[PDB]
There are 2 protein chains.
Amino acid sequence: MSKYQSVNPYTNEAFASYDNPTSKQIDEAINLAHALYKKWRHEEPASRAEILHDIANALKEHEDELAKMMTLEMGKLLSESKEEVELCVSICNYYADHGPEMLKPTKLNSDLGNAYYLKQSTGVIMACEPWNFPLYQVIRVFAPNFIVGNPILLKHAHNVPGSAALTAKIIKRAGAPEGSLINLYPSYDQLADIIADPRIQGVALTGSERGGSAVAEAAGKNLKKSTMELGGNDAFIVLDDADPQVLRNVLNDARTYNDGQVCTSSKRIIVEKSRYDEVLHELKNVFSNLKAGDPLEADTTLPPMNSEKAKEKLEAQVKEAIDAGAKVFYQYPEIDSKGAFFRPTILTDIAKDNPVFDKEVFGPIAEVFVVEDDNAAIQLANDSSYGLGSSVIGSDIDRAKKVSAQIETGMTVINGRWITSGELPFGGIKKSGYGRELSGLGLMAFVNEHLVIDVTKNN
Amino acid sequence: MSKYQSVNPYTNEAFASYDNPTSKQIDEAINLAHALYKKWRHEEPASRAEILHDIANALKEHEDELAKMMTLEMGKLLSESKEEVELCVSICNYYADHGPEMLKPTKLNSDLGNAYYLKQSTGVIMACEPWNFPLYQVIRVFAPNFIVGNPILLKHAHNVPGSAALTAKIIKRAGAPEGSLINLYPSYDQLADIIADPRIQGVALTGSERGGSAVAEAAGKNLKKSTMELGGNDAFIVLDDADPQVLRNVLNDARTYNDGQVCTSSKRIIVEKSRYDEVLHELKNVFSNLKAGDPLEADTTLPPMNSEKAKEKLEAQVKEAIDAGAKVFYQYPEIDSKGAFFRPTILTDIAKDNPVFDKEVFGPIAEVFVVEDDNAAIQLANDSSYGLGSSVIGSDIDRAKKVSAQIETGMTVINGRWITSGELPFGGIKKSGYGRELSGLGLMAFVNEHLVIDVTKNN
């Protein structure tokens, strides 16, 4: 029945299962959230800023508990889980400190009358999030919308129900009124019904193309505004003038952070010929020195994939890639464990007709391509159905900026791998989705820009 | 087969029919538009500003021809058709003069590195427009996107194929490269297929809830960003301190402009008790003095509805409303004509349980409600599934601004009826849709805010 279950990927053992709610429980949740939305309409955003700061403090206070729950449910290295909490504390403080200020009415220049638009709330938002960054994905949507005054109903990934519940509890106890963030374990059908309720006025999703399509289709059918933060197959472009040290530092985790289970992981490493062998050698150095083990242990640098099912899907993708012509430049040694460990692998010679060429590969799989010049790098970078993030490594900044501009993608980091922060917009184009989260753009995602114009003079 | 046909609502006679394109013609159009999108990526927005100004001039040059075609296809008073052309000339000049400037890169304040985001094009946009403002609906989307560099494929309403073709021709001949705006007569199935093509990266629609749902559902399924400009059932709030003269001037066309076939028509006139009888009297004065006739003739002030089918649907809505309890305070005399004329009517006593209470009525039908005070006005105004525009008539501006803020809608005009201009955002909430057209917001609808951050310092 319910697919919501906590299964430790390191021991491959389940430790908790959760049921789908009843129709009554769902209605009660929507009722509470909608009631809160109405109440918030009469309370300034600044009035919630203090509470958001307290939430930031509560997250810090529960950092080790939150990190452990994450690591237990989806295998992330504890160190990375803690970094995620720190990032979330920062995001909460960011919106607590800058949100209300960015919601002040905006004056419009018009000779038609005295005009301006207010930035108002819209209603309850149905947030659907993935298992890869269980806290950050939630906070990315919660923080700004809490300030705006949009209550959130959360449907988290089926495999992080414990982290989802814990997050919601901490936030409520920190001071967020009941209804601010309600965690629910709905079936796909229940989710569809919730989206069809008139009290729901926004749909935000981060996840897979498959899940995205279904949810976005439902939002559309019901004419609800939506934001889609999907996967990516980011081009990591290494120019011939890349600084050897910068390149080395970045390759340390450009593809292996969170075991490569990152939408902005540097999946397609595009190297200009003179640096091809150099990049391959460095990747092999990085990969070969990883250490598999309990993600809760400090010496572990290679965690298991989030689930045995995820490991198996990856094995299938890689096999299909190899059977189509991809070559194995390197593969980590066999790992003796009942855990969902996948061996870091470096693939080369992936042709345009290879099934994996335009497919997002979630896992520790470096995909290296060799190109002749800048134009070829850009052409290959854009020969993609995706467009989330990207990177350009080169010492000549002017050159790097010029190349960056030509990449059809939502974000580009010069001399660094993926990055995220409260002040920076996050989002993509094409199959990677639409809309932006974080920064002022994400803050306005579900805001009603209410135009008010006094035209008394002309009537 | 094809539903695309020109039928004069005044004579109720068809004068032209158009076929759906072949698969080959559709592919050729998408190919041309996509090719143009790629070429434009290397040409600054300013390079298209001159052409947009020339387009503005061409529209002015063809004003009488364009106005006549509109009036012949959907019955609008020629004077209103000309006003629409003037509005479009203004919008084109607006984006030609302010578009490129609003597309300059935006610097972001971050200690993480030197950050900024570019405002880039995204691709071909599938624009679906309605018959009520045949030129304005097209220009509203074309102007800003032309500057941005997003080619447009247009699917106009089945009943304005001649106006659609003429508009596209004038724009091309004015200087817009082939592919900038291609008019097509696709069937619903062909439309769905176009939306599923990877070269299409945005879907913009203005029209009905029915059409919107289907198109928005398809956009979602295909994960394409979309904007929905749907109907409204705007609250026209008359406060007890409304200036008698302002009120009179505004009621002259608050409900009868374009025969009430306006999404922002003042459909729900909510009057505080002390001014109830006054408003009813004025509406009767306005309605009774209208003159039915050929919309091409200067003395005609009451045009026919856009189609016989539209007239019949309205008769059915009104009958249902009356059979449920709505009362006829006034009804224009019978009109002897084979044309699609509907008699202006004033309805009162529409209860919450009346089928028409929360239904958009396109036509010359004033719906008057009486309320006790400001709170009751706001409560009734928000007791709606819609939220496009609104109006608040009152001499005390501070009071009017306070009431305006409490209305759950996208725009509110103080002491005036609906308004639109290049610098003003147009859009709603709830069933009225999402996203905004015109102003800087509409300009960014299908823009890729491409974040670029140089983090060399930290690596």
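Residues numbered from 1 in each chain as written, not as in the entry; some residues may be left out. Chains lettered and ligands numbered in written order. Heavy atoms only, no water. Residues with missing side-chain atoms left out of burial classes, pairs and counts.

- The record lists X-ray crystallography as the method behind this PDB entry and 1.88 Å as its resolution.

Quick look at the sheet that holds strand β5 (residues 124-128) of chain B
Residue and element names in this part refer to chain B.
- Read from one edge to the other, the open sheet built from 6 strands follows the order β7-β6-β5-β8-β9-β17, with strand pairing classed as mixed. The sheet is open, and its two borders are formed by β7 (181-184) and β17 (433-434), each paired with just one other strand.
- Strands in contact with helix α8 (residues 209-221) are β5, β8 (200-206), β9 (225-229) and β17; relative to β8, the strand with the most contacts, it is inclined by about 165 degrees. (Pairing = 2+ DSSP bridges. Helix = DSSP H or I, 4+ residues; strand = E, 2+ residues; numbered from the N terminus. Contact = heavy atoms within 4.5 Å. Axes fitted to C-alpha atoms, helices over the stretch in contact; angles between N-to-C directions.)

Details of the side chain of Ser266 of chain B
Residues and elements named next belong to chain B.
- Along the chain, the position of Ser266 falls in the loop between α9 (244-251) and β11 (268-272).
- Here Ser266 falls in the buried class, since its relative accessible area comes to 3%.
- Ignoring any residue separated from it by four or fewer positions in sequence, one finds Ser266 in contact with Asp234, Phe236, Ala254, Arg255 and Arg417. (Buried < 20%, exposed > 50% of the residue type's maximum accessible area, 1.4 Å probe, protein only.)

Considering the interface of chain B and chain A
- Listed per partner, the contact involves 67 residues of chain B and 67 residues of chain A.
- Carbon and sulfur atoms supply 58% of the area that chain B and chain A bury against each other, a total of about 5400 Å² over both sides.
- It is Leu223, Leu451 and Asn459 of chain B in chain B that bury the most area against chain A; as a group they hold 13% of the surface buried on that side.
- In this structure, the connection of chain B to chain A is made through 4 salt bridges.
- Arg41 of chain B is paired through a salt bridge with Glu408 of chain A; the nearest N and O atoms lie 3.8 Å apart.
- Here chain B and chain A share 38 residue pairs in polar contact between them.
- Residue assignment for the side of chain B that touches chain A shows that the elements contributing at least two residues are α1 (23-40), β4 (114-120), α8, β9, α9, α13 (397-406), β16 (411-414) and β18 (448-454) of chain B.
- Looking at the side of chain B that touches chain A, its residues break down into 29 nonpolar, 24 polar and 14 charged.
- Pairing analysis gives 4 bridges linking strand β18 (residues 448-454) of chain A to β16 of chain B, with the strands arranged parallel. Among the inter-strand pairings, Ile453 of chain A is bridged to a residue of β16 of chain B, identified as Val413 of chain B. (Buried area = accessible area lost by both parts, 1.4 Å probe. Salt bridge = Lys/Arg side-chain N within 4 Å of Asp/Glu carboxyl O. Polar contact = N/O pair within 3.5 Å; in protein donor to acceptor, adjacent residues only side chain to side chain. Nonpolar A, V, L, I, M, F, W, Y, C, P; charged D, E, K, R; others polar.)

Concerning the sheet that holds strand β16 (residues 411-414) of chain A
- Ordered in space as β12(A)-β13(A)-β14(A)-β11(A)-β10(A)-β15(A)-β16(A)-β18(B)-β4(B)-β3(B), the 10 strands form an open sheet in which the pairing is mixed. Of all strands in the sheet, those with a lone pairing partner are β12 (327-331) of chain A together with β3 (106-108) of chain B, marking the two edges. Each strand axis lies, on average, 20 degrees off the axis of its neighbour in the sheet, ignoring direction.
- Sheet topology places strand β15 (residues 390-393) of chain A next to β16 of chain A; 2 bridges connect them, and they run parallel. When the sheet's bridge partners are listed, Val392 of chain A is paired in β16 of chain A with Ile414 of chain A.
- Packing of helix α9 (residues 244-251) of chain A onto the sheet brings it into contact with β10 (235-238) and β15 of chain A, and relative to β10 of chain A it is tilted by some 155 degrees.

Some thoughts on unusual backbone geometry
- Residue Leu438 of chain A is not a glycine yet carries a positive backbone phi of 75 degrees.
- For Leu438 of chain A, the position within the fold is in the loop between β17 (433-434) and α14 (439-443).

Some remarks on the pattern of salt bridges
- Under the definition given, this model contains 44 salt bridges over all chains.
- Residues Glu86 of chain A and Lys60 of chain A are paired through a salt bridge, measuring 2.7 Å at the closest nitrogen-oxygen approach. Taken together, the residues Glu86 of chain A in helix α4 (residues 78-102) and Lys60 of chain A in helix α2 (residues 46-61) connect sequence positions 26 residues apart.
- We classify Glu86 of chain A as partly exposed; its relative accessible area is 35%.
- For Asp240 of chain B, the salt bridge is made with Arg399 of chain B, and the minimal N-O distance between the two is 2.8 Å. Here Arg399 of chain B lies in helix α13 and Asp240 of chain B lies in the loop between β10 (235-238) and α9, a separation of 159 residues in the sequence.
- A relative accessible area of 37% places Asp240 of chain B in the partly exposed class.
- Counted as one network, the salt bridges with shared partners bring together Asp240, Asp241, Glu272, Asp374 and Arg399 of chain A.

A word on the nonpolar core
- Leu52, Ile55, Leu59, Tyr95, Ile139 and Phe142 of chain B are the most contacted members of the largest nonpolar core, which totals 67 residues.
- Once residues within four sequence positions are removed from consideration, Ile139 of chain B is found in contact with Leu59, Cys88, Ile91, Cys92, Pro144 and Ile171 of chain B.
- With 65 residues, the next largest nonpolar core counts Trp40, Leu66, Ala127 and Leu424 of chain A among its residues. (Core = buried A, V, L, I, M, F, W, Y, C linked by side-chain atoms within 4.5 Å.)

Concerning a positive patch on the surface
- On the surface, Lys3, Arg210, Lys309, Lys313 and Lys359 of chain A cluster together into a patch of positive charge.
- Position of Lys3 of chain A among the secondary structure elements: in the segment before β1 (5-8). (Patch = residues over 30% accessible without salt bridge, like charges linked within 9 Å, V, L, I, M, F, W, Y side chains within 5 Å. Areas by Shrake-Rupley, 256 points an atom, 1.4 Å probe, with all protein chains shown as cover. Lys, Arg positive; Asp, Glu negative; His and termini not counted. Charge placed at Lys NZ, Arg CZ, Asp CG, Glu CD.)

Focus: the packing of helix α3 (residues 63-74) of chain B against helix α6 (residues 161-174) of chain B
Residues and elements named next belong to chain B.
- The interhelical angle for the contact between α3 and α6, taken along N-to-C directions, is 160 degrees, at an axis separation of 8 Å. With respect to α6, the element α3 is oriented roughly antiparallel. Relative to α6, the crossing made by α3 is left-handed. Contact with α3, carried on its side by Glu65, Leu66, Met69, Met70 and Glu73, involves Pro161, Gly162, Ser163, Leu166, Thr167 and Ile170 of α6 and no other residues of that element. (Parallel < 35°, antiparallel > 145°, perpendicular 65-115°, else oblique. Left-handed = near helix turned anticlockwise from the far one by under 90°.)

Details of α13 of chain B
Residues and elements named next belong to chain B.
- The complete set of buried residues in α13 reads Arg399, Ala400, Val403 and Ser404. All buried residues of α13 lie within an arc of 135 degrees about the axis, which places them on one face of the element. Opposite the buried face of α13, at more than 90 degrees from it, the exposed residues are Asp398 and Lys402.
- Measuring from the side-chain oxygen of the N-cap residue of α13 to the backbone nitrogen of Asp398 gives 3.2 Å; that N-cap residue is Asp396. (Arc of directions from axis to C-beta.)

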